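J.: Here you go, one structure.
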Amino acid sequence: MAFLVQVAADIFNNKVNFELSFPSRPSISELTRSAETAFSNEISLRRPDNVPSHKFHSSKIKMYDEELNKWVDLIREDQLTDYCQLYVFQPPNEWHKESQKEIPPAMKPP
């Protein structure tokens with residue numbers, strides 16, 4: 001009865017995996033406030049409260065469809081196509097060392 005979408009990110013500092021469900025309100029401003037907050041929610045938990053939690057925004061976004069089993073570009077207001085899975089890209093700041101994991105609930109850095 002419910003329609004669902006998934007959102008994730010790639011930064012050598014924060015690597016996140018989240019699950020989101022739509023009842024009867026499919027808008028695009030819905031994806032950018034959810035994903036940009038996923039990364040900022042990782043920074044705000046590490047440092048205490050009352051102090052700034054940096055400024056984080058999305059750079060390049062791609063949409064994967066498991067029906068044709070291939071990567072396609074992000075469409076707006078019609079973003080829920082056959083559930084649809086999302087991955088967000090951002091380049092390194094320091095830590096140039098290689099890493100690999102990915103599991104259904106979201107992961108925290110060591």
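Order determines the names: the first chain of the structure tokens is A, the second B, and so forth; residues in each chain are numbered 1 upward, and ligands are numbered 1 upward as they are shown.
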Just the residues within 7 Å of stretch 29-41 of chain A, please, counting only C-alpha atoms, with nothing from its chain fewer than 5 positions along; format it as a PyMOL selection string.
T.: chain A and resi 7+14+56-58
J.: Write out the residues from the selection above, keeping C-alpha atoms, as a PDB file, in the first residue's frame.
T.:
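Result written to again.pdb:
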ATOM      1  CA  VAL A   7      19.380   7.198  -0.214  1.00  0.00           C
ATOM      2  CA  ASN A  14      31.315   9.686   6.171  1.00  0.00           C
ATOM      3  CA  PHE A  56      27.273  19.874   3.928  1.00  0.00           C
ATOM      4  CA  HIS A  57      25.621  19.873   0.385  1.00  0.00           C
ATOM      5  CA  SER A  58      25.270  17.190  -2.495  1.00  0.00           C
TER       6      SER A  58
END
J.: Compile the contact shell of residue A:95 as an MDAnalysis selection string: residues with an atom at most 12 Å away, counting only C-alpha atoms, same-chain residues fewer than 4 positions apart removed.
T.: chainID A and resid 11:14 91 99
J.: Would you save the residues of that selection, restricted to N, CA and C atoms, as an mmCIF file, in the first residue's frame?
T.:
data_model
loop_
_atom_site.group_PDB
_atom_site.id
_atom_site.type_symbol
_atom_site.label_atom_id
_atom_site.label_comp_id
_atom_site.auth_asym_id
_atom_site.auth_seq_id
_atom_site.Cartn_x
_atom_site.Cartn_y
_atom_site.Cartn_z
ATOM 1 N N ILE A 11 31.933 9.843 0.917
ATOM 2 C CA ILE A 11 32.920 10.853 1.424
ATOM 3 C C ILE A 11 33.865 9.951 2.280
ATOM 4 N N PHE A 12 35.210 10.021 2.073
ATOM 5 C CA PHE A 12 36.222 9.181 2.831
ATOM 6 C C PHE A 12 36.136 9.407 4.392
ATOM 7 N N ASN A 13 35.390 10.486 4.801
ATOM 8 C CA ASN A 13 35.114 10.870 6.218
ATOM 9 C C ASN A 13 33.765 10.213 6.715
ATOM 10 N N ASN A 14 32.670 10.247 5.853
ATOM 11 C CA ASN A 14 31.315 9.686 6.171
ATOM 12 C C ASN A 14 30.817 8.791 4.978
ATOM 13 N N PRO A 91 34.118 14.177 -3.388
ATOM 14 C CA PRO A 91 35.635 13.798 -3.410
ATOM 15 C C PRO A 91 36.360 13.817 -1.991
ATOM 16 N N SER A 99 38.951 1.793 1.366
ATOM 17 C CA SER A 99 37.956 1.196 2.330
ATOM 18 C C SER A 99 36.747 0.618 1.525
#
J.: Using Å and a single decimal, report how far atom CA of residue A:59 sits from atom CA of residue A:88.
T.: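 Computing it gives 7.8 Å between the two atoms.
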J.: Which neighbours of residue A:101 fall inside 12 Å, counting only C-alpha atoms, when residues of the same chain fewer than 4 positions from it are skipped, and could you give them as a PyMOL selection string?
T.: chain A and resi 10+15-17+105-109
J.: Can I get the selected residues back with N, CA, C and O atoms, as a short mmCIF file (atom, residue, chain, number, x, y, z; two decimals), in the first residue's frame?
T.:
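Saved as again_29.cif:
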data_model
loop_
_atom_site.label_atom_id
_atom_site.label_comp_id
_atom_site.auth_asym_id
_atom_site.auth_seq_id
_atom_site.Cartn_x
_atom_site.Cartn_y
_atom_site.Cartn_z
N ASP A 10 28.95 8.90 -0.41
CA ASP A 10 30.41 8.54 -0.50
C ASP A 10 31.31 9.81 -0.28
O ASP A 10 31.45 10.67 -1.17
N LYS A 15 30.47 7.51 5.30
CA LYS A 15 29.90 6.51 4.35
C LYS A 15 28.54 6.10 5.00
O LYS A 15 28.56 5.47 6.07
N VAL A 16 27.37 6.54 4.41
CA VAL A 16 26.01 6.25 5.06
C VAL A 16 25.08 5.38 4.13
O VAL A 16 25.14 5.54 2.91
N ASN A 17 24.18 4.56 4.76
CA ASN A 17 23.10 3.76 4.07
C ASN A 17 21.76 4.02 4.88
O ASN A 17 21.68 3.63 6.04
N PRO A 105 21.32 -1.48 7.67
CA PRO A 105 21.37 -0.24 8.61
C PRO A 105 22.64 0.65 8.32
O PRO A 105 23.64 0.15 7.79
N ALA A 106 22.58 1.97 8.67
CA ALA A 106 23.68 2.98 8.44
C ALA A 106 24.88 2.74 9.42
O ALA A 106 24.66 2.36 10.58
N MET A 107 26.13 2.92 8.89
CA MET A 107 27.43 2.69 9.63
C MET A 107 28.05 4.05 10.08
O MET A 107 27.87 5.07 9.39
N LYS A 108 28.79 4.01 11.24
CA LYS A 108 29.50 5.18 11.88
C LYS A 108 31.06 5.02 11.60
O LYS A 108 31.51 3.87 11.55
N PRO A 109 31.93 6.13 11.44
CA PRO A 109 33.45 5.93 11.18
C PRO A 109 34.22 5.41 12.48
O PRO A 109 33.68 5.60 13.58
#
J.: What's the 12 Å shell around stretch 69-75 of chain A, counting only C-alpha atoms, without same-chain residues fewer than 3 positions away, as a list in words?
T.: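 Counting only the stated atoms, we get residues 27, 28, 31, 32, 60, 61, 62, 63, 64, 65, 66, 78, 79, 80, 81, 84, 85, 86, 87 and 88 of chain A.
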J.: Next, the residues of the selection above should be written as a short mmCIF file (atom, residue, chain, number, x, y, z; two decimals), in the first residue's frame with N, CA, C and O atoms.
T.:
data_model
loop_
_atom_site.label_atom_id
_atom_site.label_comp_id
_atom_site.auth_asym_id
_atom_site.auth_seq_id
_atom_site.Cartn_x
_atom_site.Cartn_y
_atom_site.Cartn_z
N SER A 27 7.27 14.52 -3.62
CA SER A 27 7.94 15.80 -4.06
C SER A 27 9.48 15.56 -4.15
O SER A 27 9.96 14.57 -3.59
N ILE A 28 10.24 16.44 -4.88
CA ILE A 28 11.76 16.31 -5.04
C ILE A 28 12.55 17.01 -3.85
O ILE A 28 13.64 16.53 -3.46
N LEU A 31 13.94 14.65 -1.27
CA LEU A 31 15.24 13.90 -1.40
C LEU A 31 16.42 14.73 -0.84
O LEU A 31 17.27 14.19 -0.12
N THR A 32 16.51 16.03 -1.26
CA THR A 32 17.71 16.92 -0.88
C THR A 32 17.74 17.22 0.63
O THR A 32 18.81 17.10 1.22
N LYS A 60 27.34 15.48 -7.06
CA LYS A 60 26.88 14.65 -8.23
C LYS A 60 26.04 13.46 -7.67
O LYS A 60 26.47 12.80 -6.73
N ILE A 61 24.81 13.27 -8.26
CA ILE A 61 23.80 12.21 -7.87
C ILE A 61 23.44 11.29 -9.11
O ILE A 61 23.11 11.83 -10.18
N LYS A 62 23.41 9.90 -8.92
CA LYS A 62 22.97 8.88 -9.99
C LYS A 62 21.87 7.96 -9.35
O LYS A 62 21.89 7.74 -8.12
N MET A 63 20.92 7.45 -10.22
CA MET A 63 19.80 6.59 -9.82
C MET A 63 20.01 5.15 -10.42
O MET A 63 20.07 5.02 -11.62
N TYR A 64 20.13 4.07 -9.57
CA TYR A 64 20.30 2.65 -10.06
C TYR A 64 18.88 1.98 -10.16
O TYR A 64 18.09 2.09 -9.20
N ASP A 65 18.59 1.28 -11.32
CA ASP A 65 17.32 0.57 -11.57
C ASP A 65 17.70 -0.92 -11.83
O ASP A 65 18.42 -1.25 -12.80
N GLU A 66 17.23 -1.78 -10.89
CA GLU A 66 17.47 -3.28 -10.82
C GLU A 66 16.61 -4.08 -11.85
O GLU A 66 16.70 -5.33 -11.91
N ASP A 78 9.08 12.72 -10.42
CA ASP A 78 8.77 11.32 -10.88
C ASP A 78 9.94 10.37 -10.41
O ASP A 78 10.17 9.29 -10.99
N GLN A 79 10.68 10.82 -9.35
CA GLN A 79 11.86 10.13 -8.72
C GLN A 79 11.59 8.67 -8.14
O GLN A 79 12.55 7.94 -7.85
N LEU A 80 10.28 8.31 -7.88
CA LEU A 80 9.84 7.00 -7.22
C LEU A 80 9.68 5.78 -8.21
O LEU A 80 9.21 4.71 -7.79
N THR A 81 10.07 5.97 -9.51
CA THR A 81 9.99 4.95 -10.61
C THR A 81 10.38 3.51 -10.09
O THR A 81 11.52 3.30 -9.68
N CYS A 84 12.91 2.58 -6.91
CA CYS A 84 14.20 3.29 -7.29
C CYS A 84 15.22 3.42 -6.09
O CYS A 84 14.82 3.79 -4.95
N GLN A 85 16.55 3.12 -6.36
CA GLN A 85 17.65 3.19 -5.33
C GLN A 85 18.58 4.41 -5.66
O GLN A 85 18.87 4.63 -6.84
N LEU A 86 19.02 5.20 -4.60
CA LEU A 86 19.90 6.43 -4.76
C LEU A 86 21.26 6.31 -4.05
O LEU A 86 21.35 5.83 -2.91
N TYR A 87 22.30 6.85 -4.77
CA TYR A 87 23.71 6.93 -4.31
C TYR A 87 24.22 8.36 -4.66
O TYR A 87 24.03 8.84 -5.80
N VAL A 88 24.83 9.02 -3.64
CA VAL A 88 25.39 10.40 -3.71
C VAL A 88 26.95 10.30 -3.63
O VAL A 88 27.50 9.51 -2.86
#
J.: Using only C-alpha atoms, pick whichever of A:68, A:97, A:104, A:90 has the shortest atom-to-atom distance to residue A:19.
T.: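 Answer, going by the shortest atom-to-atom distance: A:104.
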